[PDB]
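So the protein lines, in turn, are chains A and B. Residue numbers for the first sequence follow my numbering, beginning at 361 and rising by one. Residue numbers for the second sequence follow my numbering, beginning at 633 and rising by one. Every residue gets a Cβ at the ideal spot worked out from N, C-alpha and C, and that includes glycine.
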Amino acid sequence: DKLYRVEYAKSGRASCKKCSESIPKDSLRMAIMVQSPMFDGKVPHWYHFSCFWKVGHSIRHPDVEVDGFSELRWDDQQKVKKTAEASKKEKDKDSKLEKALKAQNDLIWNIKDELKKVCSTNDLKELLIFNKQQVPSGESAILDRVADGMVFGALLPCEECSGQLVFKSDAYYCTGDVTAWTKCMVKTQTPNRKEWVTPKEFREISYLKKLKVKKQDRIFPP
Amino acid sequence: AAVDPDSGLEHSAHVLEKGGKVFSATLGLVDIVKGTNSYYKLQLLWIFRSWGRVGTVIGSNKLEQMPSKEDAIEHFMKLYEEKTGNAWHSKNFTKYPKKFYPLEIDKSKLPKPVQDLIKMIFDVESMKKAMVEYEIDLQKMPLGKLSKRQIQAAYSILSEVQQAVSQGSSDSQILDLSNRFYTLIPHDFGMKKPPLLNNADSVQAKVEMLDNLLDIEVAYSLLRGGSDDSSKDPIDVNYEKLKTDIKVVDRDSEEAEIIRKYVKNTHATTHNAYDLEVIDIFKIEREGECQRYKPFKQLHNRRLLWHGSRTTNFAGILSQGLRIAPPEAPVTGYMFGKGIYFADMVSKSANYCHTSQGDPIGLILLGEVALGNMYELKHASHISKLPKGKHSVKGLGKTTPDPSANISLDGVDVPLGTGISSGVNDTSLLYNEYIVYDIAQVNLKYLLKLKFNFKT
DNA sequence: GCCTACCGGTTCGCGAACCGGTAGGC
DNA sequence: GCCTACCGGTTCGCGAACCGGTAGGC
Ligand SMILES: NC(=O)c1cccc2c1O/C(=C\c1ccc(O)cc1O)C2=O
Ligand SMILES: [Zn+2]
Ligand SMILES: [Zn+2]
């Protein structure tokens, strides 16, 4: 949908379009989506984050233009936001929300790499299956949904198509199939969901849940 | 079908088939939201895979020799199911999420004007260009004959869209039919998204496309065939295929003056965009059209009326006569339901020739249509069955050719008078329409050739 | 669309070593 | 009757090699 794309390298395999060296794994990298000559579909042109700003591209507002911006770590978002460039109650709720937005951002990130330290992929796969959740493709995406599941809740099936809703940047989009020909287009910020039930098998669940985690709903960007 | 030349082994090894089922399928997949609009041709020559975005250089292919012939079936049926979702054999097909859907593939002794008539109505490259504006795939549609059961389903989808549009159905309901249609009939939009079929005239535009597309494949069906023996001439072979007796009415003829009067007189005051000019007059006599019309020569109130259509259609109109729209097709565009439409004015009919400043020449018909006891209507009304004792329907217009100047012709009433006001003015029609709901009631008399003069 | 580097899961290959049967010496 | 230097054969341990399914790349 978007022109640009930012994420942490899913593998240290892809090369950089400008300098032509291997972009290392788990490193901040930016892309520009182009039409593939070989097939009917868009393809990312990966750049080193350092090399991205010398090609001549100037993203005015990263959060609205670049994809995967909200999924980044809070301090890394500010690096993109700064490098892109080179009343009482109103400002209070405005400033206090950004405090709570960082609070939510690095809460999930603490929870994410906590599970990466303790659990393998097969544990995280069987975590989602127990909660009646669709197991996604990808390592990063699996713990992203497990972290989403634990913090907010196990997502109930869709109203019409009975598919799986997924958090994407600014809302929960349905990824099911209303029919064989067309994909479902349900979208919401307040989806239906029962509480996340961790199985008995969790000797480090008391450690992860001990990180001052109370009941709260997903906060979104302005 | 035959071998795809993208392999490079087209005239070397034949495409294989196991008894009945031919090991070759052309798949398609479109998602209007994503914008994807792709093809996927699979064959078993060696196995060959072709893929890309329909109607563009985007895509690639892979020719690959097999270890053996039984491994071919294994590789073919596996690739098939992986891409389409279903097995190679099935009682009825079912589409699957993000999987593809398979598309169902199947010295001349005559006058100079008559030779030009065949030259005009059998030039198929002119018919190809005619489809380019519709955005039908130009690449492999001439060699790849799209099935009859397929096009009937394509018609059915269009009729479902009009039904969905009429009663303000869901966007998803519309999205599905728009997806379904472009998958079933491959279009060429290039690098931009397929547009949604949400309008009332968009379905009519795509309905007209199918009508034209059908007649081109019919024109091919005539052209391809016969008995290729060294005796007759190339133009004569195509003449005999039309199955009609065409004659040139001379300009000195007295009956020819009536037609030129009928052209000159009945030009519309509102249709002042162009100016007609009769190049030729042809007297036309179809094979056994008098045998079927004998019943209606007993019928009263017979009128000689205009009927225009694309130059592409006249290849099929001569061979099969004037035909009513199929039952699967949508009723959109038609004023009073499916049937043969006629006008008393040459101009109103002449608009259906579809001519431009670049393409000036065009063809228009004149048929003895037995109207009989007429059912007169003012406003538009989609009828299914006629009232009792009524053999035709009339759309009452504002302007009508002078009824006190209605000249006769071989026992047929020719209304070639100029325009005057009608008896009733509470109608939503500017000019008259004559409708028959039976192909037997029409009997084609004359075929004209007209030059159009615009101002640009 | 296809290609392929990566992942886990099992197998495979080969040398150390373990072990029991044995025949030349006293 | 002992002991023991020598040899054929089974087991064991661990890293190389193999492999099918797949997430990432173009
Ligand atoms: N054929 C003619 O020259 C013509 C003349 C006068 C009136 C009509 C004609 O055609 C009509 C409707 C029509 C309706 C649907 C369609 O697909 C094609 C059509 O021509 C008409 O309503
Ligand atoms: Zn670089
Ligand atoms: Zn849904």
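- At a cut-off of 8 Å between beta carbons, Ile996 of chain B makes no contact with chain A.
- According to DSSP, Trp938 of chain B shares a beta bridge with B:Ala975, B:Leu998.
- For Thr815 of chain B, the enclosing alpha helix (DSSP H) begins and ends at 803-816.
- A distance below 6 Å between beta-carbons, with the five flanking residues on each side excluded, links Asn1038 of chain B to the following residues of its chain, in chain order: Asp1045, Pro1047.
- Using a Cβ distance threshold of 8 Å, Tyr567 of chain A and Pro551 of chain A do not count as a contacting pair.
- Segment contact: the stretch 825-840 of chain B against the stretch 789-807 of chain B, three or more CB-CB distances shorter than 8 Å; contact assigned.
- The DSSP assignment places complete alpha helix (DSSP H) segments of no fewer than 4 residues inside the stretch 393-434 of chain A at 422-425, in order along the chain.
- Taking the Cα positions, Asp435 of chain A is about 11 Å away from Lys442 of chain A.
- Around the beta carbon of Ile579 of chain A, fewer than 16 other beta carbons lie within 10 angstroms, which makes this residue exposed.
- Judged by DSSP in its simplified three-state form, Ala501 of chain A adopts helix.
- When beta bridges are read from the DSSP output, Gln675 of chain B appears opposite B:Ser656, B:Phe680.
- When 9 Å is used as the limit between beta carbons, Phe399 of chain A is near these residues of chain B: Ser670, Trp683, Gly684, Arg685, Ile690, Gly691, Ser692, in chain order.
- Rounded to whole angstroms, the Cβ separation of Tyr1069 of chain B and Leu997 of chain B is 18 Å, and the two are not in contact under 8 Å.
- For chain A, none of the residues of the stretch 734-753 of chain B brings a beta carbon within less than 9 Å of one of its beta carbons.
- For a cut-off of 8 Å, the C-beta gap from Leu1003 of chain B to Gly1029 of chain B is around 15 Å, too long to register as a contact.
- Taking the CA atoms as reference points, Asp508 of chain A sits about 17 Å from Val478 of chain A.
- Bridge pairing for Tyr1078 of chain B: B:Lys915, B:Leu998 [DSSP].
- In this structure, the straight-line span from the alpha carbon of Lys650 of chain B to that of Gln549 of chain A is close to 55 Å.
- Residues of the stretch 523-539 of chain A whose Cβ lies closer than 7 Å to any Cβ of chain B, in chain order: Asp537, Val538, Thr539.
- The beta carbon of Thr481 of chain A sits no closer than 8 Å to any beta carbon of chain B.
- As DSSP reads the structure, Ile1039 of chain B sits in a beta bridge with B:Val1046.
- Shown here, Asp907 of chain B sits in a strand according to DSSP, grouped into three states.
- The DSSP-derived three-state label of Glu765 of chain B is coil.
- Residue environment: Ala975 of chain B is assigned as buried (16 or more neighbouring CB atoms within 10 Å of its CB, all protein chains considered).
- When CB distances to chain A are screened at a threshold of 8 Å, the residues of the stretch 804-817 of chain B falling below it are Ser804, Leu807, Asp808, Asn811, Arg812, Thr815, in chain order.
- Beta-bridge partners of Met1006 of chain B (DSSP): B:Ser1024.
- Interface flag for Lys761 of chain B against chain A is unset, since no Cβ pair is found closer than 8 Å.
- A:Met545 is the residue among A:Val511, A:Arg505, A:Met545 whose C-alpha sits nearest the C-alpha of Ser522 of chain A.
- With contacts defined by Cβ atoms closer than 8 Å, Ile848 of chain B and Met759 of chain B form a contacting pair.
- Note that the C-beta distance between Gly513 of chain A and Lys554 of chain A is below 8 Å.
- Sequence-distant Cβ neighbours of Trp469 of chain A in its own chain, meaning closer than 6 Å and more than five residues away, are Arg433.
- Per DSSP, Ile878 of chain B is one residue of the beta strand (DSSP E) stretching across 876-880.
- In the same chain as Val850 of chain B, and ignoring 5 residues on each side of it, the C-beta atoms closer than 6 Å to its own belong to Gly948, in chain order.
- The beta carbon of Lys980 of chain B sits closer than 7 Å to at least one heavy atom of ligand 1.
- In the DSSP assignment, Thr1031 of chain B falls outside any alpha helix (DSSP H) and within the unbroken beta strand (DSSP E) covering 1031-1033.
- Scanning the stretch 435-489 of chain A from its first residue to its last, no whole beta strand (DSSP E) run of 3-plus residues comes out.
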